[PDB]
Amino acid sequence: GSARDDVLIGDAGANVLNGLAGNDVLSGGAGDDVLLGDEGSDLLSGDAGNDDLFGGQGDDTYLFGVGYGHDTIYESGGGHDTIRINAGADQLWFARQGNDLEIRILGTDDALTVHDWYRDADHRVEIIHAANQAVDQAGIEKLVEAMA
């Protein structure tokens, strides 16, 4: 990446993509990728394979869906980070696992983990979108508690 707004597209191998400053778009493609949004409002999509997603500071967006495998988000900060999951809300299973939040797509091996979600506010993503539903932090908590 560069200080500008970049679009960084991986290939089928395990890739490291670093957006640097600016509002970037990072798409890993297949393989196990490491994606960094760094400073700015970035959109990170690991795609297939098991990807580590570091949106960095700023308000970052993370994509997930069927066939995305097991991806882990490591947030650093931002008051309006978001996850956008391409599935119906009733296909989602929310659980606490230690200090992580784990979101599974029912009927699949696809799972999205937010590392240290329960440690502190800077590790949280503030809105989780399913197809036509935006779930805020109080809503996420209620799903976790209900599905325990």
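Residues carry their position along the shown sequence, with the first being 1.
For the two regions 139 to 147 and 4 to 12, the entry's Cα B-factors average higher over 139 to 147. The PDB entry reports B-factors from which the mean C-alpha value can be compared for 102 to 110 and 40 to 48; the larger average falls on 102 to 110. Out of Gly56, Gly28, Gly88, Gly65, the entry records its largest CA B-factor for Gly88. Remark: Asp33 belongs to the lowest third of its chain, ranked by C-alpha B-factor as recorded. In the deposited entry, the Cα temperature factor of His115 sits in the bottom third of values across the chain's modelled residues.
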